[PDB]
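S.K.: Need a 3D model of the sequence below.
(chains A and B)
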Amino acid sequence: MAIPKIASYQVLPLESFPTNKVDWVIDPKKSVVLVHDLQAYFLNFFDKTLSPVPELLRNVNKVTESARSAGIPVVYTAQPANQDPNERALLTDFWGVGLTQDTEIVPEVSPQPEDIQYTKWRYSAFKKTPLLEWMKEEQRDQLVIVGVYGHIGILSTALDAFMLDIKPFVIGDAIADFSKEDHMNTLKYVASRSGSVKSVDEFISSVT
Amino acid sequence: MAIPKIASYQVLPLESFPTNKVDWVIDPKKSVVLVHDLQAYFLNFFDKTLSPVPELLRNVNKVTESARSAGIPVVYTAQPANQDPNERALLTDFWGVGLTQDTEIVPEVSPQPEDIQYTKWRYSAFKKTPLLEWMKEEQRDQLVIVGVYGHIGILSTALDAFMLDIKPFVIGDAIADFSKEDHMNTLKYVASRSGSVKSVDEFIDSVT
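M.R.: Numbers count the residues shown, from 1 in each chain, chains lettered A, B, ... in the order given. Shown next is the protein structure:
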C-alpha cells in the first residue's frame, strides 16, 4: 500500500548478472535511453547516502553522458502530482492517491536541455505517452532502461517494449529496487523472457 | 529457445494462495472469462495425464460452465500457425518460428457456439486483438483469467489489463506453468502488484 522504507543493499556484482538468452547488441544508431521515474519522491524511500543510491546515480550519469556523446536521445519519465482519480484508476487500490510533491528529477541526474521529458501514468512508460510513436518517428527500435523500481515499472516497460517490437536492454547496475532479491529477479525475468540485461560498461563500449 | 518438456507438478494447495492486497469482488454483470492459449501445441509440452493438466482442464470447465450459466462471456485466445516473421517479430529471437500445427483448443475445453475466439499475437491477450475495445463495448471491466503459462502470458495479460483499467482476477487453481515455482511466483506477483488471486470455488460463489 505504501512504498517501503528500503533497506540498504549492495549493487549486485557484474559476475552475478543472469546470462542473456538473446544476443542483441546496443546500436547507437537505433537506441534511446530511458531514465525511468528518477524523481525525488521515489528515491526518498531509500536512504540516499547508502548503497545502492550513490552508485545508481553515478551509473545513470555515466549512461546519459555516453548516450548524449553518441547522439542517443535521453528520455525521462516522471509521474505528475495530484493525479485525477479517473486517470489514476486502479493504481489507487494498490498504492494510494500517488505523489503530491517532489516531482522533480533528482538533481544529480537532472535533464539536459536537449533531453525529452514525458509525463508517466502507469507502470509501463508506453501507456498514455508518446514514447512508441516517437521511437517509430525517430526510427529507433532499442530502449536502454535505467532507474527505479526494477520489478514494477522497469519490468512492465520492458514487457510493452518487447511486445511492441522494441528491444529492451535493462542496465543491471543502473537500476534499483525494493530489495536485492527484487532487483535480481527483475534481471532474471527480463533476460530469460522479455529482453536483454547489460552492464554500464557494456553500454559504454557498445556506444563508445 | 524451445518450450521445455514441462515436468509434472502438484496443483498448489488453496491454503498457500497469496493474500490479496485489494478487495475487489468478482461481479457477474461486469466480468469476462478469458481462456488463455489452451491449445494442443502449448499443453502437449506437458504429460497431460499428470498434474497439473487434468485438474487444470477440469477447473477451466468448472469456470466456463458457471460463467455461461451467469451470462458471463467466455473469450478464448489462440496463436495461429505459421506466423509471418514480420508479425511475430521479437518472439522469434526467444522462442523460434512458433507453432506450425496443433492449433486447436484441446477437446476437453472446446469453445461453445456463443463463445468468442481471438487470434493471439503476443504474451498479452490485449495486443493486436479486439479484447480491450470489445470489453469497453460490453461495459465489462473485470477479466477472469485461466489457462497457460502463468509467468508468461497470464502475467502479461494481467499487467496489461490492470494498466488498461480492467481488473484482472487470476484463478490460481485454473492456470498452469513451467514449474510449481513459476506458478506460485506468478500468483505472488499478481496479488501484490497487479490484480487479484482467487480460487475456482470463489469464482463459482461470486457468480452463483
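
S.K.: what's the distance between the closest residue to residue A:146 other than its chain neighbours and residue B:161?
M.R.: Closest residue to residue A:146 apart from its sequence neighbours, by Cβ to Cβ, 6 or more residues apart in numbering or on different chains: residue A:174 at 4.0 Å. Backbone N, C-alpha and C define where each C-beta goes, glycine included. In this view, residue A:174 and residue B:161 are 30 Å apart by Cβ to Cβ, to the nearest Å.

S.K.: that older thread, confirm that the residue nearest to residue A:146 sits in a strand.
M.R.: Yes: per DSSP: H, G, I helix; E, B strand; the rest coil, residue A:174 lies within a strand segment.

S.K.: list the contacts for it?
M.R.: A:56, A:59-60, A:62-63, A:146-147, A:200 (Cβ atoms under 8 Å, 6 or more residues apart in numbering or on different chains).

S.K.: Could you do residue A:76 as well?
M.R.: A:34-35, A:38, A:105, A:111, A:115-118 are the contacts of residue A:76 under Cβ under 8 Å, 6+ apart.

S.K.: Could you list every helix and strand in contact with the biggest helix by length in chain A?
M.R.: Longest helix in chain A, counting residues (DSSP state H): helix A:53-69. Using 3 or more Cβ pairs under 8 Å, 6 or more residues apart in numbering or on different chains; DSSP states H and E as the contact test, the elements touching helix A:53-69 are strand A:31-36, strand A:74-78, strand A:142-148, strand A:167-176, helix A:200-207.

S.K.: ok, back up a step: can you redo the contacts of residue A:76 as TSV, where the extra columns are neighbour count, distance to residue B:85 and secondary structure?
M.R.: Converted to TSV, these look like this (neighbours: other Cβ atoms under 10 Å in any protein chain shown; distance: Cβ to Cβ, whole Å; DSSP: H, G, I helix; E, B strand; the rest coil):
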residue	neighbour count	distance to residue B:85	secondary structure
A:34	27	27	strand
A:35	25	33	strand
A:38	24	37	coil
A:105	19	40	strand
A:111	16	38	coil
A:115	17	35	coil
A:116	15	32	strand
A:117	13	36	strand
A:118	16	31	strand
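
S.K.: ok, those vs residue B:178, which is closest?
M.R.: Within the contacts of residue A:76, proximity to residue B:178 (Cβ to Cβ) peaks at residue A:34, which comes in at 29.2 Å.

S.K.: Residue B:81 is nearest to which of the helices and strands packed on helix A:53-69?
M.R.: Closest to residue B:81 of the helices and strands packed on helix A:53-69 is strand A:167-176 (Cβ to Cβ; 25.9 Å).

S.K.: Helix or strand for the residue lying farthest from the centre of chain A, just tell me which one.
M.R.: Ranked by distance from the centre of chain A (Cα atoms, centre = their mean), the top residue is residue A:86, with 25.5 Å. Assigned by DSSP states H and E, residue A:86 belongs to helix A:85-88.

S.K.: Now do the buried residues in that helix.
M.R.: Of the residues in helix A:85-88, residue A:88 count as buried by neighbour count, 16 or more other Cβ atoms under 10 Å in any protein chain shown.

S.K.: ok, now stretch A:94-106?
M.R.: In stretch A:94-106, counting by 16+ other Cβ under 10 Å, buried: A:95, A:98-99, A:103, A:105-106.

S.K.: Just the ones of the residues you listed in helices?
M.R.: Filtering the buried residues of stretch A:94-106 for helices - DSSP H - leaves residue A:95.

S.K.: which of the buried residues of stretch A:94-106 lies closest to chain B?
M.R.: Chain B lies nearest to residue A:95 out of the buried residues of stretch A:94-106, by Cβ to the nearest Cβ, at 9.5 Å.

S.K.: and the closest one, what is it in contact with?
M.R.: By Cβ under 8 Å, 6+ apart, the neighbours of residue A:95 are A:1-3.

S.K.: and with 6 Å instead?
M.R.: Going by Cβ atoms under 6 Å, 6 or more residues apart in numbering or on different chains, residue A:95 touches no other residue.

S.K.: Same check on the one 4 residues further on?
M.R.: Shown here is residue A:99, whose contacts under the criterion Cβ under 6 Å, 6+ apart are A:41, A:79, A:81.

S.K.: Could I get those in JSON lines, plus columns for distance to chain B and neighbour count?
M.R.: As requested, those are exported to JSON lines (distance: Cβ to the nearest Cβ, whole Å; neighbours: other Cβ atoms under 10 Å in any protein chain shown):
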{"residue": "A:41", "distance to chain B": "18", "neighbour count": "19"}
{"residue": "A:79", "distance to chain B": "14", "neighbour count": "19"}
{"residue": "A:81", "distance to chain B": "20", "neighbour count": "13"}
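
S.K.: Which positions in chain A make contact with chain B?
M.R.: Residues of chain A lying close to chain B by Cβ under 6 Å from any Cβ of the partner chain are A:22, A:89-90, A:93, A:122, A:127, A:156, A:159, A:162-163, A:165.

S.K.: Which two among those residues are spaced furthest apart?
M.R.: Largest pairwise distance in those, by Cβ to Cβ, is 34.9 Å, between A:22 and A:93.

S.K.: Give me the three-state assignment for residue A:132.
M.R.: helix.

S.K.: what's the neighbour count on it?
M.R.: 17 (other Cβ atoms under 10 Å in any protein chain shown).

S.K.: Over to residue A:92?
M.R.: Other residues close to residue A:92 by other Cβ under 10 Å number 13.

S.K.: Quick check: it is in a helix.
M.R.: Yes: under three-state DSSP, residue A:92 falls within a helix.

S.K.: Distance-wise, check the closest residue to it other than its chain neighbours relative to residue A:206.
M.R.: In space, and not counting its chain neighbours, residue A:92 is closest to residue A:85: 6.5 Å by Cβ to Cβ, 6+ apart. Here the criterion is Cβ to Cβ. By it, residue A:85 lies 43 Å from residue A:206.
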